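Step one of this worksheet: look at the structure below.
We place every Cβ from the backbone using ideal geometry, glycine too, and count neighbours over all the protein chains shown. Read the figures in this text as sums done on the coordinates, not as results from a lab.
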Amino acid sequence: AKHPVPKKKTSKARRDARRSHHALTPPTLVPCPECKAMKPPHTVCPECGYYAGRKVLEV
Amino acid sequence: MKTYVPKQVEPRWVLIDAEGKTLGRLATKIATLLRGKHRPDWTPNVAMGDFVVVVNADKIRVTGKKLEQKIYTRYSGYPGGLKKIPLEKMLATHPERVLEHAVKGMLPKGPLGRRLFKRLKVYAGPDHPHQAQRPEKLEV
Amino acid sequence: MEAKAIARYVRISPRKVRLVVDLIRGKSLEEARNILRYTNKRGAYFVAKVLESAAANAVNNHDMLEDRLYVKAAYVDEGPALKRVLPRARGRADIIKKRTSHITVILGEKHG
Amino acid sequence: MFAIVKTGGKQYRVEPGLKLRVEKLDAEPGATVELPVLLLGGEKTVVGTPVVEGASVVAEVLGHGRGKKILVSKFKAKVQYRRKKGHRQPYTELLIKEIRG
Amino acid sequence: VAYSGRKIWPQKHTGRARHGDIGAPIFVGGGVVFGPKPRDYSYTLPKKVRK
Amino acid sequence: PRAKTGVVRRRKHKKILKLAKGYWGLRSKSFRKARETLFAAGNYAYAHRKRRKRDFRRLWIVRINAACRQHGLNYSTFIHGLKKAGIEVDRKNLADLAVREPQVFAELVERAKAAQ
Amino acid sequence: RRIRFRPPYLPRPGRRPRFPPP
RNA sequence: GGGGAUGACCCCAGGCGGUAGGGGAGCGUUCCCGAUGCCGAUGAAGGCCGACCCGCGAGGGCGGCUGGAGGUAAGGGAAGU
RNA sequence: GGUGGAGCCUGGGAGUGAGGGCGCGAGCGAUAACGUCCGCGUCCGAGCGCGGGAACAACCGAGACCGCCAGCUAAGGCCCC
RNA sequence: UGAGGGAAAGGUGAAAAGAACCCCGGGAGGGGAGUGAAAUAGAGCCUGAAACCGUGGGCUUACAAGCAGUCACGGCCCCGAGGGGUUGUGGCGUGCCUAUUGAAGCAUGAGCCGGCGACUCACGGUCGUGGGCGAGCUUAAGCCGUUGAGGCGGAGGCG
Ligand SMILES: [Mg+2]
Ligand SMILES: [Mg+2]
Ligand SMILES: [Mg+2]
Ligand SMILES: [Mg+2]
Ligand SMILES: [Mg+2]
Ligand SMILES: [Mg+2]
Ligand SMILES: [Mg+2]
Ligand SMILES: [Mg+2]
Ligand SMILES: [Mg+2]
Ligand SMILES: [Mg+2]
Ligand SMILES: [Mg+2]
Ligand SMILES: [Mg+2]
Ligand SMILES: [Mg+2]
Ligand SMILES: [Mg+2]
Ligand SMILES: [Mg+2]
Ligand SMILES: [Mg+2]
Ligand SMILES: [Mg+2]
Ligand SMILES: [Mg+2]
Ligand SMILES: [Mg+2]
Ligand SMILES: [Mg+2]
Ligand SMILES: [Mg+2]
Ligand SMILES: [Mg+2]
Ligand SMILES: [Mg+2]
Ligand SMILES: [Mg+2]
Ligand SMILES: [Mg+2]
Ligand SMILES: [Mg+2]
Ligand SMILES: [Mg+2]
Ligand SMILES: [Mg+2]
Ligand SMILES: [Mg+2]
Ligand SMILES: [Mg+2]
Ligand SMILES: [Mg+2]
Ligand SMILES: [Mg+2]
Ligand SMILES: [Mg+2]
Ligand SMILES: [Mg+2]
Ligand SMILES: [Mg+2]
Ligand SMILES: [Mg+2]
Ligand SMILES: [Mg+2]
Ligand SMILES: [Mg+2]
Ligand SMILES: [Mg+2]
Ligand SMILES: [Mg+2]
Ligand SMILES: [Mg+2]
Ligand SMILES: [Mg+2]
Ligand SMILES: [Mg+2]
Ligand SMILES: [Mg+2]
Ligand SMILES: [Mg+2]
Ligand SMILES: [Mg+2]
Ligand SMILES: [Mg+2]
Ligand SMILES: [Mg+2]
Ligand SMILES: [Mg+2]
Ligand SMILES: [Mg+2]
Ligand SMILES: [Mg+2]
Ligand SMILES: [Mg+2]
Ligand SMILES: [Mg+2]
Ligand SMILES: [Mg+2]
Ligand SMILES: [Mg+2]
Ligand SMILES: [Mg+2]
Ligand SMILES: [Mg+2]
Ligand SMILES: [Mg+2]
Ligand SMILES: [Mg+2]
Ligand SMILES: [Mg+2]
Ligand SMILES: [Mg+2]
Ligand SMILES: [Mg+2]
Ligand SMILES: [Mg+2]
Ligand SMILES: [Mg+2]
Ligand SMILES: [Mg+2]
Ligand SMILES: [Mg+2]
Ligand SMILES: [Mg+2]
Ligand SMILES: [Mg+2]
Ligand SMILES: [Mg+2]
Ligand SMILES: [Mg+2]
Ligand SMILES: [Mg+2]
Ligand SMILES: [Mg+2]
Ligand SMILES: [Mg+2]
Ligand SMILES: [Mg+2]
Ligand SMILES: [Mg+2]
Ligand SMILES: [Mg+2]
Ligand SMILES: [Mg+2]
Ligand SMILES: [Mg+2]
Ligand SMILES: [Mg+2]
Ligand SMILES: [Mg+2]
Ligand SMILES: [Mg+2]
Ligand SMILES: [Mg+2]
Ligand SMILES: [Mg+2]
Ligand SMILES: [Mg+2]
Ligand SMILES: [Mg+2]
Ligand SMILES: [Mg+2]
Ligand SMILES: [Mg+2]
Ligand SMILES: [Mg+2]
Ligand SMILES: [Mg+2]
Ligand SMILES: [Mg+2]
Ligand SMILES: [Mg+2]
Ligand SMILES: [Mg+2]
Ligand SMILES: [Mg+2]
Ligand SMILES: [Mg+2]
Ligand SMILES: [Mg+2]
Ligand SMILES: [Mg+2]
Ligand SMILES: [Mg+2]
Ligand SMILES: [Mg+2]
Ligand SMILES: [Mg+2]
Ligand SMILES: [Mg+2]
Ligand SMILES: [Mg+2]
Ligand SMILES: [Mg+2]
Ligand SMILES: [Mg+2]
Ligand SMILES: [Mg+2]
Ligand SMILES: [Mg+2]
Ligand SMILES: [Mg+2]
Ligand SMILES: [Mg+2]
Ligand SMILES: [Mg+2]
Ligand SMILES: [Mg+2]
Ligand SMILES: [Mg+2]
Ligand SMILES: [Mg+2]
Ligand SMILES: [Mg+2]
Ligand SMILES: [Mg+2]
Ligand SMILES: [Mg+2]
Ligand SMILES: [Mg+2]
Ligand SMILES: [Mg+2]
Ligand SMILES: [Mg+2]
Ligand SMILES: [Mg+2]
Ligand SMILES: [Mg+2]
Ligand SMILES: [Mg+2]
Ligand SMILES: [Mg+2]
Ligand SMILES: [Mg+2]
Ligand SMILES: [Mg+2]
Ligand SMILES: [Mg+2]
Ligand SMILES: [Mg+2]
Ligand SMILES: [Mg+2]
Ligand SMILES: [Mg+2]
Ligand SMILES: [Mg+2]
Ligand SMILES: [Mg+2]
Ligand SMILES: [Mg+2]
Ligand SMILES: [Mg+2]
Ligand SMILES: [Mg+2]
Ligand SMILES: [Mg+2]
Ligand SMILES: [Mg+2]
Ligand SMILES: [Mg+2]
Ligand SMILES: [Mg+2]
Ligand SMILES: [Mg+2]
Ligand SMILES: [Mg+2]
Ligand SMILES: [Mg+2]
Ligand SMILES: [Mg+2]
Ligand SMILES: [Mg+2]
Ligand SMILES: [Mg+2]
Ligand SMILES: [Mg+2]
Ligand SMILES: [Mg+2]
Ligand SMILES: [Mg+2]
Ligand SMILES: [Mg+2]
Ligand SMILES: [Mg+2]
Ligand SMILES: [Mg+2]
Ligand SMILES: [Mg+2]
Ligand SMILES: [Mg+2]
Ligand SMILES: [Mg+2]
Ligand SMILES: [Mg+2]
Ligand SMILES: [Mg+2]
Ligand SMILES: [Mg+2]
Ligand SMILES: [Mg+2]
Ligand SMILES: [Mg+2]
Ligand SMILES: [Mg+2]
Ligand SMILES: [Mg+2]
Ligand SMILES: [Mg+2]
Ligand SMILES: [Mg+2]
Ligand SMILES: [Mg+2]
Ligand SMILES: [Mg+2]
Ligand SMILES: [Mg+2]
Ligand SMILES: [Mg+2]
Ligand SMILES: [Mg+2]
Ligand SMILES: [Mg+2]
Ligand SMILES: [Mg+2]
Ligand SMILES: [Mg+2]
Ligand SMILES: [Mg+2]
Ligand SMILES: [Zn+2]
């Protein structure tokens with residue numbers, strides 16, 4: 001193995017090019033049917049503690 | 001006084017019966033029609049030439065033993081990927097390619113040359129679909 | 001009428017935080033707030049604070065109304081980097097740049 | 001009407017009313033000159049062989065100036081041969097008065 | 001200049017350039033080349049010329 | 001007395017950098033690269049001032065010829081025609097004539113045929 | 001296929017590393 | 001080479017690729033005489049613009065922003081230029 | 001005859017003392033080498049500036065002061081690129 | 001180990017008048033308020049270049065082949081027979097320095113930027129040159145004077 005190394009500095013253009021896929025997608029979030037607050041779906045609502053209609057958590 | 005440049009012009013559709021014409025020598029003419037170089041207002045940096053429709057390509061003609069000996073060649077990028085297809089066979093399978101490939105080679109390379117090629121509409125057999133354009137018949 | 005806030009010398013790397021800042025540029029204060037809460041990144045915690053300190057400023061100092069607030073512009077510039085030595089093998093020592101961010105949020109009012 | 005006249009070693013097509021820069025002529029600004037005519041066209045067409053004996057085009061000289069500077073640069077690699085020259089070509093501005101057929 | 005005579009690092013095989021002591025004018029804070037020295041600027045202009 | 005670089009270098013560099021606007025990458029950004037790029041273009045233009053002359057006359061000829069061939073004759077014929085006629089209109093104009101004034105070109109063609 | 005035995009031009013690597021410089 | 005009569009400019013003609021290298025003419029940097037002067041908070045140096053003016057060029061002007069206390073002519077002199 | 005960036009004289013300053021291709025004349029080599037060594041010339045060197053030669057220091061054309069959207073030519077070209 | 005080697009690191013403002021108090025924040029930081037001629041002079045402080053990193057705008061770009069430019073035309077955008085920005089097409093086009101017979105070269109060096117960085121000085125010599133005096137020219141060390149004043153000194157040296 002012989003220690004590969006970059007032959008040329010990578011341009012400002014070419015790094016940013018690579019970075020075209022680095023963008024985050026914002027959290028996917030739904031309204032909680034009980035307290036109308038926004039939350040990940042399929043999670044127990046951390047604002048009111050309800051899930052599937054019932055209380056599941058003290059919060 | 002600065003040289004004249006055309007504003008956008010509406011391109012003429014011209015039609016040509018290839019039948020029995022000497023392949024290559026028909027080919028040079030089509031190119032000049034294509035580039036626009038028959039027009040006094042010819043400008044090298046824009047698509048201002050004709051649209052050429054050719055018909056009866058199957059019935060192109062050719063001198064010497066070229067039918068049996070002229071070999072069109074395709075390279076695949078793979079080992080052992082040179083394809084050699086002789087003119088006889090070419091006409092026998094995609095006759096319109098023969099004039100096409102001739103003309104292509106005599107237009108410029110580059111983006112514009114590639115666009116000019118797109119304006120060449122070549123057909124086997126007497127008939128062609130561009131009735132809509134009412135192409136003007138040319139004897140060349 | 002705009003109102004802004006800046007966290008200076010926040011000791012997280014600019015490249016890393018910009019990602020989060022990016023997610024909420026041009027959003028209702030409300031959406032931004034939602035987005036950050038459920039964004040999985042240390043930077044979410046900081047942008048949060050600037051966003052919030054900013055809105056506080058908007059209402060309280062600048063006569064803007066919370067329900068009209070949106071992220072007008074926001075950005076992370078880099079500050080003075082913290083250099084630390086990382087020991088490598090064979091007697092060598094590299095140098096790590098524990099980098100540093102100046103996060104800015106600027107809120108405007110969305111008319112209507 | 002128009003005329004193809006020839007001044008400055010070059011030939012320009014003119015019409016009355018035309019403002020033209022040509023190669024620097026020796027005439028005080030405001031003076032008026034006559035250019036040689038080479039072809040007269042429009043209503044009648046007359047073809048000089050090479051000039052037309054009758055015609056002159058009349059120009060009034062609006063003034064004389066210097067073009068914008070063109071840097072004329074010389075570089076020869078591997079030799080330390082480098083030269084820089086600023087250049088502004090003199091010219092004379094003409095107004096085309098009339099075509100004397 | 002104030003410095004030692006030591007060769008800061010070996011002649012060959014460093015990856016860096018060659019240097020001798022750090023007094024060399026090539027270094028920052030190394031000595032000067034051909035800078036001014038104390039110096040008498042006077043000469044004897046011919047008496048007749050002064051007169 | 002001591003005369004350290006001063007301000008002189010920076011200024012000298014900016015002269016050049018400003019000369020290099022619009023150039024791609026470090027070509028507009030780095031003094032050294034900019035300078036190199038500029039030698040290029042210095043020679044390029046000089047050469048290209050020279051060939052703009054050739055660039056054009058070709059167009060002209062390409063054009064006059066297209067106009068000649070509508071009138072039955074080829075280019076070289078047309079020229080020789082004008083040579084023998086003694087018509088000294090240049091290719092800049094012959095070409096403008098060919099477009100803006102087909103009658104005049106037509107008659108110019110006429111005299112051209114007639115010289116033989 | 002060469003007969004005249006082809007001596008190496010180069011020594012098989014290698015000996016020692018210039019560690020460190022600081 | 002003619003004019004003007006000694007670089008006044010003007011006119012005619014010819015020369016003007018160039019490495020090692022010879023030669024000439026200039027520009028800019030620091031400092032000295034000019035200077036007990038002069039420019040300067042109605043804005044010094046310095047920085048950022050400029051598609052404007054002069055100059056073959058090196059450069060020099062002018063303008064706008066910045067800067068906020070220094071700069072320094074013509075003619076000369078010396079170099080860590 | 002020839003007034004030439006000719007020639008001679010005295011002086012100041014150098015640089016060069018690795019050359020190279022091609023044509024011709026030879027030697028050396030194998031009537032080999034993008035071989036080698038001389039002589040004559042040339043060009044590249046320093047004309048990797050321009051046209052031709054597909055591309056290409058030295059083959060053909062030609063010695064680039066600057067500018068022109070003017071004209072004639074050279075070698076090479078004139079069916080199309 | 002030791003003998004020894006041996007750095008970096010200056011500047012708020014005239015004056016601390018060095019920002020009470022409120023507001024978000026654990027705090028850091030910031031937004032107001034206040035000071036100030038000025039606060040992008042706010043202490044991480046004069047000026048504040050460049051590389052480098054962002055945000056916002058204009059033009060542009062996903063059938064294209066490239067030492068990155070240059071010449072031409074066209075499109076759009078800006079400032080008011082013009083100009084500036086941009087670049088679609090078309091033409092032309094083998095980085096810079098070194099070193100060599102010869103380099104784009106697959107030969108050297110260079111990540112980029114800013115700063116430091118190399119033909120000097122003394123004494124003699126030789127030639128040129130601007131002056132002074134000219135069968136002559138000229139003083140050294142010293143002495144007097146001056147405190148940015150110049151003079152004297154003929155030993156000596158060249159001829
Ligand atoms: Mg590996
Ligand atoms: Mg292993
Ligand atoms: Mg390794
Ligand atoms: Mg590795
Ligand atoms: Mg590598
Ligand atoms: Mg980069
Ligand atoms: Mg970018
Ligand atoms: Mg990449
Ligand atoms: Mg729901
Ligand atoms: Mg035809
Ligand atoms: Mg078929
Ligand atoms: Mg081509
Ligand atoms: Mg997430
Ligand atoms: Mg609040
Ligand atoms: Mg160690
Ligand atoms: Mg260890
Ligand atoms: Mg690093
Ligand atoms: Mg690091
Ligand atoms: Mg003339
Ligand atoms: Mg002129
Ligand atoms: Mg002109
Ligand atoms: Mg080079
Ligand atoms: Mg080159
Ligand atoms: Mg060089
Ligand atoms: Mg060379
Ligand atoms: Mg050079
Ligand atoms: Mg330049
Ligand atoms: Mg010492
Ligand atoms: Mg010591
Ligand atoms: Mg010491
Ligand atoms: Mg020592
Ligand atoms: Mg020692
Ligand atoms: Mg030593
Ligand atoms: Mg020592
Ligand atoms: Mg070494
Ligand atoms: Mg290395
Ligand atoms: Mg290294
Ligand atoms: Mg080094
Ligand atoms: Mg060493
Ligand atoms: Mg040393
Ligand atoms: Mg030392
Ligand atoms: Mg030094
Ligand atoms: Mg020091
Ligand atoms: Mg020192
Ligand atoms: Mg020191
Ligand atoms: Mg020294
Ligand atoms: Mg010394
Ligand atoms: Mg002394
Ligand atoms: Mg001296
Ligand atoms: Mg003395
Ligand atoms: Mg300096
Ligand atoms: Mg220096
Ligand atoms: Mg400088
Ligand atoms: Mg420089
Ligand atoms: Mg400056
Ligand atoms: Mg400069
Ligand atoms: Mg561009
Ligand atoms: Mg760039
Ligand atoms: Mg870039
Ligand atoms: Mg940059
Ligand atoms: Mg050219
Ligand atoms: Mg030119
Ligand atoms: Mg014909
Ligand atoms: Mg002729
Ligand atoms: Mg003619
Ligand atoms: Mg002359
Ligand atoms: Mg010369
Ligand atoms: Mg001379
Ligand atoms: Mg300077
Ligand atoms: Mg000077
Ligand atoms: Mg001093
Ligand atoms: Mg004084
Ligand atoms: Mg003073
Ligand atoms: Mg005053
Ligand atoms: Mg004031
Ligand atoms: Mg002001
Ligand atoms: Mg100054
Ligand atoms: Mg100063
Ligand atoms: Mg200023
Ligand atoms: Mg300037
Ligand atoms: Mg003062
Ligand atoms: Mg002065
Ligand atoms: Mg002065
Ligand atoms: Mg003086
Ligand atoms: Mg120095
Ligand atoms: Mg003579
Ligand atoms: Mg000579
Ligand atoms: Mg001679
Ligand atoms: Mg001599
Ligand atoms: Mg000398
Ligand atoms: Mg010498
Ligand atoms: Mg030598
Ligand atoms: Mg020798
Ligand atoms: Mg040799
Ligand atoms: Mg020898
Ligand atoms: Mg020889
Ligand atoms: Mg030899
Ligand atoms: Mg020879
Ligand atoms: Mg022969
Ligand atoms: Mg012999
Ligand atoms: Mg021979
Ligand atoms: Mg044999
Ligand atoms: Mg060869
Ligand atoms: Mg040889
Ligand atoms: Mg041979
Ligand atoms: Mg031989
Ligand atoms: Mg040899
Ligand atoms: Mg050489
Ligand atoms: Mg040649
Ligand atoms: Mg050549
Ligand atoms: Mg020569
Ligand atoms: Mg060269
Ligand atoms: Mg070429
Ligand atoms: Mg050639
Ligand atoms: Mg060619
Ligand atoms: Mg060629
Ligand atoms: Mg010449
Ligand atoms: Mg001709
Ligand atoms: Mg011929
Ligand atoms: Mg083609
Ligand atoms: Mg030591
Ligand atoms: Mg040090
Ligand atoms: Mg102070
Ligand atoms: Mg103080
Ligand atoms: Mg004050
Ligand atoms: Mg508080
Ligand atoms: Mg709190
Ligand atoms: Mg706690
Ligand atoms: Mg606080
Ligand atoms: Mg705040
Ligand atoms: Mg505060
Ligand atoms: Mg106040
Ligand atoms: Mg004031
Ligand atoms: Mg400021
Ligand atoms: Mg300030
Ligand atoms: Mg500051
Ligand atoms: Mg101050
Ligand atoms: Mg700052
Ligand atoms: Mg952008
Ligand atoms: Mg395709
Ligand atoms: Mg496309
Ligand atoms: Mg064109
Ligand atoms: Mg354009
Ligand atoms: Mg424009
Ligand atoms: Mg292009
Ligand atoms: Mg063209
Ligand atoms: Mg290339
Ligand atoms: Mg080449
Ligand atoms: Mg260079
Ligand atoms: Mg080198
Ligand atoms: Mg070497
Ligand atoms: Mg070698
Ligand atoms: Mg060699
Ligand atoms: Mg290359
Ligand atoms: Mg290389
Ligand atoms: Mg290669
Ligand atoms: Mg390479
Ligand atoms: Mg190597
Ligand atoms: Mg070597
Ligand atoms: Mg490095
Ligand atoms: Mg860089
Ligand atoms: Mg530097
Ligand atoms: Mg030096
Ligand atoms: Mg010397
Ligand atoms: Mg001497
Ligand atoms: Mg003397
Ligand atoms: Mg005397
Ligand atoms: Mg006398
Ligand atoms: Mg003696
Ligand atoms: Zn809930």
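Tabulated data for the structure shown
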| quantity | calculated |
| --- | --- |
| Residue identified as of a type outside the set (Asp, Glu) and within 27 Å of F:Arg100 (Cα to Cα) among D:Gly86, D:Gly8, D:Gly63, D:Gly30 | D:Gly8 |
| Residue count for the range E:1-24, restricted to those that are more than 14 Å from chain G (Cβ to nearest Cβ) and surrounded by 13 or more Cβ atoms within 10 Å (Cβ to Cβ) | 6 |
| Selection within the range D:24-45 - within 14 Å of another protein chain (Cβ to nearest Cβ) and either without any contact (Cβ under 8 Å) to a residue 24 or more places away in the chain or outside any strand (DSSP E or B) (or both) | D:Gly42, D:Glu43, D:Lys44, D:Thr45 |
| F:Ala3 being loosely packed, with under 11 Cβ neighbours inside 10 Å, away from ligand 20 (no atom under 16 Å from the Cβ) and of a type in the set (A, V, I, L, M) | yes |
| Verdict on A:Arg15 being within 16 Å of ligand 161 (Cβ to nearest atom) and either over 25 Å from F:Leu26 (Cα atoms) or within 14 Å of chain C (Cβ to nearest Cβ) (or both) | yes |
| Strands (runs of 3 or more DSSP E) contained in the range D:48-101 and holding at least 2 residues farther than 12 Å from D:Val37 by Cβ, touching a strand residue (DSSP E or B) at 6+ places or on another chain (Cβ under 6 Å) and touching a residue at least 40 places away in the same chain (Cβ under 8 Å) | D:56-66, D:90-100 |
| Some residue of the range C:90-108 being assigned to a helix (DSSP H, G or I) and within 26 Å of A:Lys39 (Cβ to Cβ) | no |
| Selected residue [surrounded by fewer than 14 Cβ atoms within 10 Å (Cβ to Cβ), within 22 Å of F:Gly72 (Cβ to Cβ) and touching a residue at least 40 places away in the same chain (Cβ under 8 Å)] from B:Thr22, B:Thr28 | B:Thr28 |
| Number of the exception - B:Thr63 against (1) part of a loop (DSSP other than H, G, I, E, B); (2) closer than 15 Å to B:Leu23 by Cα; (3) in contact (Cβ under 8 Å) with a residue 60 or more places away in the chain | (3) |
| Qualifying residue in the range E:35-44 (condition: surrounded by 10 or more Cβ atoms within 10 Å (Cβ to Cβ), over 30 Å from G:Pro17 (Cα atoms) and within 16 Å of ligand 45 (Cβ to nearest atom)) | no |
| The range F:58-90, subset exposed (fewer than 14 other Cβ atoms within 10 Å of the Cβ) and within 12 Å of another protein chain (Cβ to nearest Cβ), residue farthest from F:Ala112 (Cα to Cα) | F:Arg58 |
| Number of the exception - C:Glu109 against (1) within 14 Å of another protein chain (Cβ to nearest Cβ); (2) more than 20 Å from A:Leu24 (Cα to Cα); (3) not aromatic (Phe, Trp, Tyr) | (1) |
| Residue check for C:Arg15: surrounded by fewer than 19 Cβ atoms within 10 Å (Cβ to Cβ), out of contact with any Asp or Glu (no Cβ under 7 Å at 6 or more places or on another chain) and within 12 Å of another protein chain (Cβ to nearest Cβ) | yes |
| Selected residue [facing chain F (nearest Cβ under 10 Å), basic (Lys, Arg) and under 30 Å from F:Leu19 (Cβ atoms)] from D:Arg82, D:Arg66, D:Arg21 | D:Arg82 |
| Flag if C:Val71 is surrounded by 19 or more Cβ atoms within 10 Å (Cβ to Cβ) and not in a helix (DSSP H, G or I) | yes |
